[PDB]
Each structure stands twice: as C-alpha cells, then as structure tokens.
Amino acid sequence: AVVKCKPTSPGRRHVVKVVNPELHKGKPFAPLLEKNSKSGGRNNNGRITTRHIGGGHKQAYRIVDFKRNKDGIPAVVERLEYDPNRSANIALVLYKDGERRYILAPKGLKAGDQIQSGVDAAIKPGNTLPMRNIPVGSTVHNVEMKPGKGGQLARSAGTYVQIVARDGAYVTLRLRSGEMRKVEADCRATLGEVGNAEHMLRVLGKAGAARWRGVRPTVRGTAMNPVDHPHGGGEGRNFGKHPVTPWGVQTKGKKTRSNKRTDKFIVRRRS
Amino acid sequence: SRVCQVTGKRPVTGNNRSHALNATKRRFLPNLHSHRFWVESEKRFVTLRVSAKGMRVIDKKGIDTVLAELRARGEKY
Amino acid sequence: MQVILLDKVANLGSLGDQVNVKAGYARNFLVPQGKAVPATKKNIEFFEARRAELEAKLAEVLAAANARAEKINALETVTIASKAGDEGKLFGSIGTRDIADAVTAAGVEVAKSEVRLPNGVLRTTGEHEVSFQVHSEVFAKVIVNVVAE
Amino acid sequence: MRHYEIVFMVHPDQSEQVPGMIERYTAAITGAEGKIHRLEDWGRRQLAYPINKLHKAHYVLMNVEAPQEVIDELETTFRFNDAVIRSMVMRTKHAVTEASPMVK
RNA sequence: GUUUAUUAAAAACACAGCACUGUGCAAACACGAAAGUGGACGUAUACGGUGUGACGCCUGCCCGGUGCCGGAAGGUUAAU
Ligand SMILES: [Mg+2]
Ligand SMILES: [Mg+2]
Ligand SMILES: [Mg+2]
Ligand SMILES: [Mg+2]
Ligand SMILES: [Mg+2]
Ligand SMILES: [Mg+2]
Ligand SMILES: [Mg+2]
Ligand SMILES: [Mg+2]
Ligand SMILES: [Mg+2]
Ligand SMILES: [Mg+2]
Ligand SMILES: [Mg+2]
Ligand SMILES: [Mg+2]
Ligand SMILES: [Mg+2]
Ligand SMILES: [Mg+2]
Ligand SMILES: [Mg+2]
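Residues numbered from 1 in each chain as written, not as in the entry; some residues may be left out. Chains lettered and ligands numbered in written order. Part of a larger assembly, values for the part shown. Heavy atoms only, no water.

Within the PDB entry, the label attached to chain D reads 30S ribosomal protein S6, and the organism entered is Escherichia coli. Anyone opening this PDB entry will find it titled "RF1 pre-accommodated 70S complex at 24 ms". Checking UniProt for chain D, the heading Function (unreviewed entry) contains the comment "Binds together with bS18 to 16S ribosomal RNA." Quoted verbatim from the Sequence similarities (unreviewed entry) field of UniProt, the annotation for chain D is "Belongs to the bacterial ribosomal protein bS6 family." (UniProt positions renumbered as here; feature names shortened; annotations may be inferred.)

In the annotation of the PDB entry, chain A is listed under the name 50S ribosomal protein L2 and assigned to Escherichia coli.

As structure tokens, this is what we get:
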C-alpha cells in the first residue's frame, strides 16, 4: 500500500512508503540465513571497480531456492517476509516432509497457500514446472536459462515473462525488456508474476534513504577537472563534447553487446 | 605459463614499427592451445598446452615419441 | 596426412587404403576411435604384411556379430512403462538409456550408445520406432511400444 | 439448479479417446448431483470454415443440470485440454432432454 | 548535508527526483599481460553511464554541420 507521508519535516515532504501488513514482523528463519559481507564495490585488488557502492545498513543473506527441486511433495506457505537483499518479497514455505525453504513471492500469493513443483504440478501461480508442460502465452517468472541452473529471468519485484511460442526443443520468451529470446524447453519457471509490483512506486524522499541502501553519491561528470574525467574543465559551464564514460567510451546510444556466442538465441533485439 | 611443452616456444619480444619507423616495444605470443591426445599405449587422453607447431610434430613423430621427450625432460604432463 | 584404414569408412574407401585426408578428421576422429592408423613407414609394413591380412579376419569377427543384433531383435514388442495423461500428455520423456534398458532385459544387452532415435522425446504413449547402430552397415529396427504407467 | 448445455469441438485426430473424455467428464458431472439429460457424440464433422488450419473436427453435445462450481472447473478443463479445441457453455432455462434434429 | 587540513564555505558539490542511453547474465562495465574478482551470491520495478536537479507550470523549431544509429545494392578496399 502506497502512503504519501505528511510534510512535518522537509525531508518527509515526498516520502512514499510501501506499506504491507503481510510482512511478517518477526525475526527470520535462522537456518536459512548466512553472512553476506559488504564490499564497497572493490574487488580482491582493492581497487574500486564499480563506483558509488558503500556504506549502508548491514544485511544478512537469505537462501532462496531458485532451483526449486522438491518435486511431487507439495508445499504450504508459512509466512511472507521482507527481504533486505532483493526488491521482491520472499516467503518461507514448508513441505510435507518438514523442510522449510524460501522462494520468491508471486503477486497472487498469500500465506497459507499450497503450491507444488514438479512436472505433474497444476497450473496456479506458485508452481514451477518445465516449460514444455506450460501453455503458450501464460506469463511466468523465475525462468532458468539452462536446465537445472536456477532461474535468472524475471526475478525482480514487478516482472514476468510471457511464453509467446513453443516449437521443438526451444521456446520463445518475450522478456520484460521486450526482447524475443529462445530458451531450451526443459528449463523450469514459476507461474504468474512476482509480488511487490508496487516496489517501483516508492519514493526515497531524502538523501539519507539512498545512503541507507549502500549507494554513495554519484558525482556528475562535467563538475570535475580535465584530469579527472573527459567531461571536465570549463570556465564556468562548458560541455562542447560527446557524452562519454570516464573511460572515454561513447554513452548516448552506442551499443556494447559484444557476446557473439549467444546470438543464435536472441530472436529479436529489444526496441 | 605460455610454454609450448613440446617445442619450448616462449613468448619472445620485438617491436612494432610504424611507417615512420617509430619503434614501440611489444611481444610475440605463440599460438598455444590445450588439446587432449589419445595416448594409445595407455588408451587414454593426455592434455597438453601446446602450440600448433607441436601439433604437426605429434603428427610427424607420433605421440609416444613426444612423451618420451618430456619424460626425458622431466616436465610433468 | 597419409593414413591407413583399419576399417571401411564410407566417403573415402575400404580397409587397407593409404589415403591422404585432412588432419582434424584423422587426428581428432579416426585415430582416437581407432578406426585408422597414421601411415608411418613403421606402420606401413606393420599393416601391409600383417594387418592388411589380420584385420581381414578381425573385421569378420565383428561382421558375424552384425547379423546377430537384428535377427534376435525382431520381437519388436518392447514395453516401456511411463507416467502420462490422456490422449498422450506424457509426464517424463523417454530417454535413450530407457530404451537401452528394457531391450537390455530382453535380447541384446544393449548399450546407451546404440539407441538411434528418429524422434528422441517420444511424447505420445504408444508404439514408436527405435533404430539401432550395432554396426556401421546393418541397423536393427524395433518399434517400441510406450505403455502409460 | 442451473441448467446448462455443453457442446465442444475435439480435434479429429483425438477422436479415438473421446468417450474416455466424455465419461470422465460425465463422472465429474454426476459427481456433484449432475443431472445429465442427453449425451450425444456427433463423430467427425466438416467445419463450415477451417479453424486452426484444418477442416474436420469432433463434436459432443451434452445437456447438464449441475451446480455452477463444478462447471467452471470443467470450463478450465477444456481450456487446457488440447484435444478439445473449442467449447461452449450455455445457460439453459430448463432440463432439455429431447434430441437435436442434427443428431439425425 | 559536503568542500579548497593551512588566505574561499558559497550561488560551488551532493541530493531525492526527472530523462536519455547501455546492459539477457559467463550481463554491460571496471580492475587486471592473465587466471580471476568486483558486478551480484544480484537478473531489466535490476545494473552501469550521462544529463539536469524538490515541488508547481512547463519543456517550442532545426538532423544542414558534427557525432550516434540503421539499411548493403553498387562504388571503393586491406592483408590475402
Ligand atoms: Mg552507479
Ligand atoms: Mg542520480
Ligand atoms: Mg551530483
Ligand atoms: Mg571545479
Ligand atoms: Mg582528457
Ligand atoms: Mg560561460
Ligand atoms: Mg628508443
Ligand atoms: Mg547548512
Ligand atoms: Mg567532506
Ligand atoms: Mg582554507
Ligand atoms: Mg573540513
Ligand atoms: Mg574560511
Ligand atoms: Mg563481474
Ligand atoms: Mg546542476
Ligand atoms: Mg548505415
């Protein structure tokens, strides 16, 4: 539920929360937690590889069964929990034998529901089954690229992927960015969309909310000095030059897809 | 590192020469590849990080002839 | 790349043919599968005096086995139990080893590298043709019935 | 309760196990007090216009009085069965039992 | 909020926003002779870059130049 907060302090003026009563106000299921240390955008060399990352609140990793391998044994949804890691919400589930796991939350999913993965699974949001067993056109998410690898497609908070065509050992997938891609017809996928579809509706409001999420301030290019960046310098504001990376590479519209191993799977590029 | 284990081709240095003869230091790199080889004397495969030149050598001398040398050289394979 | 043939191979000739072929077809394929010997002078007269005549015998011990693996494999009523639905709707896809497992239980103790499928998946429950490659010449043809378990 | 009438269009290459589909539906009908009134197979039949790149079909007419919930279940069964191609759900006023003229 | 430790604390910077683009995941990108690592144990409601900088009203015309992007017939054309 979206809530425009009230302008008490300037800094609350534009804060838009996403209120959900479904979020289990408790401590999460401890045997599926593990330490994820921060990095600050620094590799093993200790150089800042990717910029702008650092600080932020301490986060513990949740072990999400993307691979979704319990088959035949049905599940039942214990509760819906917040995830500090990813944008989408997760749900502690429970099988018949006793194992609890986390999965992602589809949009049409509440607590106490029962789901099941397999090949003989029914078709309701929350099942996961290989896409040769799925009707064409039905929107899914959590799509594996290789069979058994674990879903790497439509895994954010408000995504889904449609299955536009099945033919032979391949299925054509309309990606969320609108890019027709073949996938092998044995990859598994989870039916329906994914829960927090209104995650894009939030507004962070103040700059400290950016800093809570580990994102340092981004300095714009043309503020710098010419030694620092190609956009640098200028008596005042001068920008007589083409918009490029700090490493000189053209940015506005210059494509960068160099992977030619996988061109036979892209049916059509995005638009 | 980059060593054709059959021959011994090491990456040697040299120069890139402009048409105005401005020399800059460069390297020359051998065309090494990993490749399995059907050692029929044991009926199995041995991988060797080998240049394409040594592939002709195994095509000329035979693989057990070459493996005699690296046992004689003592280089593990 | 001169090479002598340990067996008759289709697009280049019979046994005992010292043919120049390309390197990759010799090095990666014929030699490691043992279908040929590189025509070295130590192997020429090793072949031409001995294995030009030894392999004439050593091909007949396999060619006599060639008629066996289709003659006894003429029962053709191979039954595979597999879960499915209605008007087909198969649960689990029939694999090559699964066909190499029931025929293993009746007739040739057959390998996973013998099942040559024109179809592969075999979705619909019912009869399905299965070809065999027990030798490069003669093929065994068994139309296996898939049975809805 | 709610008198319905179901006719549906089975793919003619699936005409072999249509009474397999009929009687399981008939069991699913009568499993919830389903007052079946007629149960009529029409066999293969030429289409007036070719749906789905083919010209024959397989038609089964069926009068059913039933509660609505098992019918909506059955509606989804036609939706994912690809043996059936098209289906029809018509809310009938009463328990029609008289055979159609095109049964002949 | 931040900044020229030590002649400048602001209108400078950042900012939440907004927009462009790039990016199908072995992602783009960066550090790296390399393996690798960050990216991210994340997957387009994500990530990177660039722009302007809340909110409000807005955001007109020009593709000639210059970049960018697409089209391949032809012309041109390297080593070969
Ligand atoms: Mg960034
Ligand atoms: Mg920004
Ligand atoms: Mg800035
Ligand atoms: Mg300055
Ligand atoms: Mg510069
Ligand atoms: Mg000026
Ligand atoms: Mg000099
Ligand atoms: Mg102040
Ligand atoms: Mg400071
Ligand atoms: Mg000072
Ligand atoms: Mg200070
Ligand atoms: Mg001062
Ligand atoms: Mg990386
Ligand atoms: Mg500005
Ligand atoms: Mg062009």
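(A) Representation of the overall build of chain A within the structure. Helix and strand counts for chain A stand at 1 helix and 15 strands. Judged by the C-alpha coordinates and their principal axes, chain A covers about 70 × 50 × 40 Å. Relative to its full complement of 271 residues, chain A shows a buried share of 32%. Within chain A, residue pairs in contact and separated by at least 24 positions form 54% of the contacts whose partners lie at least 6 positions apart. Here chain A displays about 16,500 Å² of accessible surface, and carbon together with sulfur accounts for 53% of that area. In chain A, 53 positive and 21 negative side-chain charges are present, and the distance between their average locations comes to 10 Å. (Helix = DSSP H or I, 4+ residues; strand = E, 2+ residues; numbered from the N terminus. Buried < 20%, exposed > 50% of the residue type's maximum accessible area, 1.4 Å probe, protein only. Contact = heavy atoms within 4.5 Å. Areas by Shrake-Rupley, 256 points an atom, 1.4 Å probe, with all protein chains shown as cover. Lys, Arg positive; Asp, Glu negative; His and termini not counted. Charge placed at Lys NZ, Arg CZ, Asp CG, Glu CD.)

(B) Here's a closer look at the protein's contact with RNA strand E. Residues and elements named next belong to chain A. In the region of RNA strand E, 68 residues are neighbours, and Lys-149, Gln-152, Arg-181, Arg-220 and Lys-255 sit closest. Between RNA strand E and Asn-36, the relevant distance is 2.9 Å, taken from a sugar or linking oxygen to a side-chain nitrogen or oxygen of the residue. Within the backbone of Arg-257, a nitrogen or oxygen atom sits 3.0 Å from a phosphate oxygen of RNA strand E. For the surface near RNA strand E, the secondary structure elements donating two or more residues are β11 (151–153) and α1 (207–212). (Near = heavy atom within 4 Å. Polar contact = N/O pair within 3.5 Å; in protein donor to acceptor, adjacent residues only side chain to side chain.)

(C) Representation of the packing of aromatic side chains. For the structure on display, the rule yields 7 aromatic pairs over all chains. A connected cluster of aromatic rings, assembled from ring pairs, spans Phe-8, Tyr-25 and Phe-78 of chain D. Positioned above the aromatic ring of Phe-66 of chain A is the side chain of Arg-155 of chain A, whose terminal nitrogen or guanidinium carbon lies 3.9 Å from the ring centre. Of note, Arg-26 of chain B hangs over the ring of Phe-28 of chain B, and the distance from its end group to the ring centre comes to 3.9 Å. (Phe/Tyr/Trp six-rings, centres within 6.5 Å; stacked < 30°, edge-to-face > 60°. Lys NZ or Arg CZ within 6 Å of the ring centre and 35° of its normal.)

(D) Spatial organisation of the sheet that holds strand β2 (residues 19–20) of chain C. Residue and element names in this part refer to chain C. Read from one edge of the open sheet, 3 strands run β2-β1-β3, paired in antiparallel fashion. Across the chains shown, the open sheet's two edge strands, defined by having one partner strand only, are β2 and β3 (36–38). Bridging between strand β1 (residues 2–5) and β3 involves 3 bridges; their strand directions are antiparallel. Bridge pairing in β3 places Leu-5 opposite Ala-36. (Pairing = 2+ DSSP bridges.)

(E) Structural view of the sheet that holds strand β4 (residues 79–82) of chain C. Taken in spatial order, the 4 strands line up as β4-β7-β6-β5 (chain C) in an open sheet, and their pairing is mixed. The sheet terminates laterally at β4 and β5 (115–116) of chain C, the two strands that pair on one side only.

(F) Representation of the pattern of salt bridges. Residue and element names in this part refer to chain A. If you walk through the whole model with that rule in mind, you get 21 salt bridges over all chains. For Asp-65, the salt bridge goes to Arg-101, with nearest N and O atoms at 2.4 Å. Separated by 36 residues along the polypeptide, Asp-65 in the loop between β4 (60–62) and β5 (75–81) and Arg-101 in strand β7 (residues 100–104) bring together distant segments of the chain. Neither residue differs from the other here; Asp-65 and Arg-101 are each classed as buried. Linking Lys-70 and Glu-99 is a salt bridge whose minimum nitrogen-to-oxygen distance equals 3.6 Å. Of the two residues, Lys-70 is situated in the loop between β4 and β5 and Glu-99 in the loop between β6 (90–95) and β7; the sequence distance between them amounts to 29 residues. One network of salt bridges, with partners in common, ties together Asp-65, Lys-70, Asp-97, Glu-99 and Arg-101. (Salt bridge = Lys/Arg side-chain N within 4 Å of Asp/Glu carboxyl O.)

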